[PDB]
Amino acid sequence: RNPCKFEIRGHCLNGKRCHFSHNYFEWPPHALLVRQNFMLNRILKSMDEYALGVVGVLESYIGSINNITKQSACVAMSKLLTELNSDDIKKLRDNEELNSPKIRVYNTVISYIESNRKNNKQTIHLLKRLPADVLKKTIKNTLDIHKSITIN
């Protein structure tokens, strides 16, 4: 009668031994919301250093701690580009008044976000061929926008 906890996380695999509900019509709403988020997560994953996070991997490479190799930093960066969308960014861009230096940085990250969609495999490579000084300011500019869009 209660919603099956496995169904909530995707799909019950316990055949007919399972006496919990698999009928969405019978489910309270929270279970239908929670289930939609595990399912979207699966659907998104199907279309392709751990306690630091991708962010702490990038904050460490800028700062040269925790021995982060440049290769491991462009892989992280690729992941952080996929979490940003270019329209939240184009809204930021056209609230900065004209000729502000901050417009060119905005368009620069957009080109990488867009290049990363088409193919994250060669977008990593275009980043490695950057020299670190400029790679690290690019990295720190996309960090700043990440915190900015999301918090405040």
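Residues carry their position along the shown sequence, with the first being 1.
According to the entry, the deposited sequence places 10 or more unmodelled residues between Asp48 and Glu49. The question of which stretch, 26-34 or 65-73, has the higher mean Cα B factor is settled in favour of 65-73. Averaged over their C-alpha atoms, the temperature factors of 100-108 and 53-61 are higher for 100-108. Remark: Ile89 belongs to the middle third of its chain, ranked by C-alpha B-factor as recorded. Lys147 sits in the middle third of its chain by CA B factor, as recorded in the PDB entry. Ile139: CA B factor lies in the lowest third for its chain, per the PDB record. In this PDB entry, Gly10 carries a Cα temperature factor that places it within the lowest third of its chain's modelled residues. Ranked by Cα temperature factor within the chain, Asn116 sits in the middle third according to the deposited record.
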